[PDB]
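The next block holds one structure in the form of structure tokens; read it before the comments.
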Amino acid sequence: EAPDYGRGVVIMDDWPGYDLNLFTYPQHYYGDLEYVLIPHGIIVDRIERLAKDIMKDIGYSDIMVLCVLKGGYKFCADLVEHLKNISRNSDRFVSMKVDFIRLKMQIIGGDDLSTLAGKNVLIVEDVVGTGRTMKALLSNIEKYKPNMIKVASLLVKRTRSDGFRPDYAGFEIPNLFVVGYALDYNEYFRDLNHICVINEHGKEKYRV
Amino acid sequence: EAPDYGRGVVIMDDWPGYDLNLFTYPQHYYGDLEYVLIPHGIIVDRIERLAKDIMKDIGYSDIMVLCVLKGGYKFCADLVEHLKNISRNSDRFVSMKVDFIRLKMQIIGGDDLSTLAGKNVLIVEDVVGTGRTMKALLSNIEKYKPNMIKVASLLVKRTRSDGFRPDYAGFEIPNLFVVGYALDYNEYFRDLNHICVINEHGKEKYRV
Amino acid sequence: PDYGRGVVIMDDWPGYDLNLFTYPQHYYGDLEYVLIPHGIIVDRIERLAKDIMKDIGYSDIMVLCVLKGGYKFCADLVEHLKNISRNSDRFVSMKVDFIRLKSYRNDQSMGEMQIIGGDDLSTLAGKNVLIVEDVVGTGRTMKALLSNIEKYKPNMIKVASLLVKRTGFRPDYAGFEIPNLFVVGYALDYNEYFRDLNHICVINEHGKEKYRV
Amino acid sequence: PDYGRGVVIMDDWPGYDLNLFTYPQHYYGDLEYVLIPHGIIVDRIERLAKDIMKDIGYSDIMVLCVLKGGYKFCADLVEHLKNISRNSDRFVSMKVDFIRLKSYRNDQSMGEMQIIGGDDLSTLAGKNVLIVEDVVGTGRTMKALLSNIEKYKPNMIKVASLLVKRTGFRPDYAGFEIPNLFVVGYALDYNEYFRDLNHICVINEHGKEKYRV
Ligand SMILES: Nc1nc2c(ncn2[C@@H]2O[C@H](COP(=O)(O)O)[C@@H](O)[C@H]2O)c(=O)[nH]1
Ligand SMILES: Nc1nc2c(ncn2[C@@H]2O[C@H](COP(=O)(O)O)[C@@H](O)[C@H]2O)c(=O)[nH]1
Ligand SMILES: Nc1nc2c(ncn2[C@@H]2O[C@H](COP(=O)(O)O)[C@@H](O)[C@H]2O)c(=O)[nH]1
Ligand SMILES: Nc1nc2c(ncn2[C@@H]2O[C@H](COP(=O)(O)O)[C@@H](O)[C@H]2O)c(=O)[nH]1
Ligand SMILES: [Ca+2]
Ligand SMILES: [Ca+2]
Ligand SMILES: [Ca+2]
Ligand SMILES: [Ca+2]
Ligand SMILES: [Ca+2]
Ligand SMILES: [Ca+2]
Ligand SMILES: [Ca+2]
Ligand SMILES: [Ca+2]
């Protein structure tokens, strides 16, 4: 069968990744990372395609971007930049507003979400693991009666049968733990450019 | 006298700005903007210098970046990228953590700010007008006893004698109202790339 | 008003202070001020690309880069055209070529121009040609090049120049209209120096002497 | 292990599916798959620049771009070197030149190489030269170029090549070590097409026929 492109870029279980010594990375993490799972540049290239897909699907009306902090911030900043790039340099434009929330399910911060009523909402999230977080978030947002909700997740783990399938998925990754590109381990590694797998040394060094 | 470079790039009262027809911008704002005050690219060039200055001053230890949402998000994303660029491509590196707050003074969202105790905090803000907001914020953050607090503001208006002087200031602008580069008018114009002065048509079109 | 002139930089433009920006450390003390920051050049190129795509989209174009000074403007203009072509419903299919110009006088004092490098320019017959150049001064260089290319019977020739001096030749696409000053940076040189400078700048007397031939 | 080989792309590398990325619409249906996405090329160039700065920082270098295929790798490598030079305490002072190579056989079947364009290469005497090239195949081109430059007595010559094929010549700086396949994109061409393609790709049989000479 032809691929299901809705899965995003498929990173296989036997993917060895890229060797950190061949790329640049924050020097304070020297010795703390095992390998590069997804280089920064491939993330940006993939986001270019997602932005084009999103514009096709929901560019016909205003978009309310809802960033899921903190891990979503880089994917949201870059995705928004790509959408902006289209709205100014092509024939196709979309008015965007942006908001930011943190999840505890309690939603922390953000505007009064009654402002979402009748609007097209694009949730921007870092990674789907079990899918429980996204299912709960959708259930909470749906109560404000937006016109539609789309979920973009940079990463989706391959696991279970009760997963969550985002509308826009960057990469489908093995069921392992990832950091970088704003994703953290105990608040560290958000400043790392590439998505990486930490090594055992890093796991202990940054342990709480 | 030689210039006070702490003022940042000085945009004079008689600055005519740049004509929108010579640049790109979100097409949904066609007819809604008067002129470009500060092109996107000059903002990025200035941030490059600020990042270098910040690394000189406080790169010697970990930096806790505190983004003042929503208007600070683009300046914070770009400033962080420039700091990251230094931490990976030069000889000088700094570990950064990031957090996000909204101001109401109540601080909305963010981590437990007791985690700021004994740390070096870099507040990242969009624009200083009267300076009241930054003075109040500093007074609130100081109560958690960080080791030091630095304030980066992209813009500072030239006004009063009781102003606030940020540690890092991008541009000193005339005392007028600005949007773009995440700065809004009634939630609009955050997706505009350049910092602009809205025209009378835009003021009415987007009025609440 | 006349947008064909591009961004107008006025004679009393004081420019930007180097101390507020980053620049090559090896040129500290050689430059007087920034005439045009790197970032505004990129912003302006974005619009030139959009303008070019409006005029010649859905066609094949041969981009002809005038080395050496044109290389940075050409690389960036081409990237912006590529951007539109993959991210919008308009494209240009691009080929690229590179030429260097050497102007001289013959035995009766007639100006001649040798075109160095490049493909066999007979390959331009019936093609759409976009010349990409750094700066128009007197305009003599672009007038000579145009007549050289025109003899191969291209379908059309358009000229993009990053800078045009106020003193003439009018390019189809002009980034900035600048005072009549010698400028360097963004690949533009003084005696092969300063091409690695990011911002378009004016050099001081120390820089003029230090890098003199 | 041997990091001098660069990023190793294996023979059973399936590449990336074009349908998951953006690319020039005019090439839809001409390409089989993405061998190396644009973004990983940029990431790798970042590290090559850092490596080069470690080896030759605080010195003057002449960057020698091998046109046409080298232009994109050279523009981007140079931008990354410029980045370090203004944002760190190490710099290289750079000049740039451009050459095109034409290989032929003489009347006794000896391989010759004409160097087209460029400065008078006598100006390389005592200089540090960084050659920037797109791809090493058999290595014959780089061996010929090196011996041509060496006769002008430069202080040193280093070679950066974006791609090196497994089949030899070993550049000082190599981006990626690739299977022995014909590749295009990132300025690399097939019969002058595909230079405007963003990603390094392998073309299909339709593309091979359509753009044949
Ligand atoms: N940084 C990081 N966050 C993760 C990872 N896996 C899941 N998360 C985050 O953990 C939370 C739980 O995910 P869930 O299992 O509900 O899909 C979500 O906020 C998700 O984004 C991971 O590997 N790294
Ligand atoms: N978007 C936008 N925000 C502004 C402008 N001037 C001040 N602000 C914001 O208004 C608040 C009040 O500023 P203050 O007068 O206390 O310095 C701060 O959040 C400041 O960033 C402006 O011109 N545009
Ligand atoms: N680097 C540099 N080149 C210039 C400047 N002015 C003119 N040129 C170059 O000098 C040559 C002669 O320009 P023309 O007078 O024929 O327009 C052209 O190649 C033009 O691009 C300048 O200020 N700086
Ligand atoms: N566009 C393209 N050029 C190639 C490829 N392989 C080799 N070349 C170019 O072909 C010429 C001969 O390579 P050589 O065999 O001498 O290493 C060189 O200019 C080299 O850069 C390829 O796969 N694609
Ligand atoms: Ca999350
Ligand atoms: Ca987390
Ligand atoms: Ca503010
Ligand atoms: Ca506001
Ligand atoms: Ca020229
Ligand atoms: Ca010159
Ligand atoms: Ca070659
Ligand atoms: Ca070729």
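Computation of the quantities below employed the complete heavy-atom set of this structure, encompassing side-chain atoms and omitting hydrogens, waters and symmetry-equivalent molecules. The chains referred to below are lettered A, B, ... by the order of the sequence lines, with proteins before strands, and numbering in each begins at 1.
Relative orientation of the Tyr206(B) and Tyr29(B) rings is perpendicular, given thresholds of 30° and 60° on the angle between their planes. Between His194(B) and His40(B), the angle of the ring planes goes over 60°, which puts this pair in the perpendicular group of the 30/60° scheme.
Checked for salt-bridge contact, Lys84(A) and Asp191(B) miss the test: no charged N lies under 4.0 Å from a carboxylate O. Using a cutoff of 4.0 Å between basic side-chain nitrogens and carboxylate oxygens, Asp32(B) and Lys205(B) are scored as salt-bridged. Electrostatic pairing of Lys54(C) and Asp91(A) does not count as a salt bridge here, judged by no charged N lying under 4.0 Å from a carboxylate O. By the 4.0 Å N-to-carboxylate-O rule, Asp126(B) lies too far from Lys70(B) to be salt-bridged with it. A salt bridge links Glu81(B) to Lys74(A): at least one charged side-chain nitrogen sits closer than 4.0 Å to a carboxylate oxygen. Using a 4.0 Å cut-off between a side-chain N of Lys or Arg and a carboxylate O of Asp or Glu, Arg49(A) and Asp53(A) qualify as a salt bridge.
Between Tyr73(A) and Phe100(B), the distance separating the two ring centers is shorter than 6.0 angstrom.
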Item to check | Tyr18(B) and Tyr35(B): CA distance, side-chain angles, deciding distance, ring-ring contact (aromatic ring centres under 6.0 Å, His included) verdict | outcome: CA-CA 6 Å; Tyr18(B) 298 99; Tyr35(B) 58 92; 9.5 Å; no

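Counting only heavy atoms from C-beta outward, the side chains of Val179(B) and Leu33(B) approach each other to under 4.5 Å. Within the 4.5 Å cutoff, the side chain of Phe189(B) has heavy atoms near those of the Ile198(B) side chain. Counting heavy atoms from C-beta outward, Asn87(C) and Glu48(A) have side chains that approach closer than 4.5 Å. Within the 4.5 Å cutoff, the side chain of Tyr168(A) has no heavy atoms near those of the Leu79(A) side chain.
Here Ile149(A) contributes atom CD1 and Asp167(A) contributes atom CG; the two are 9.5 Å apart, rounded to the nearest 0.5 Å.
Both the sub-6.0 Å distance and the 45° axial angle are satisfied by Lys97(A) relative to the ring of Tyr188(B).
Of the candidates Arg46(A), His82(A), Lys52(A), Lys52(A) is the only one forming a side chain to side chain contact (heavy atoms under 4.5 Å, CB included) with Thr22(D).
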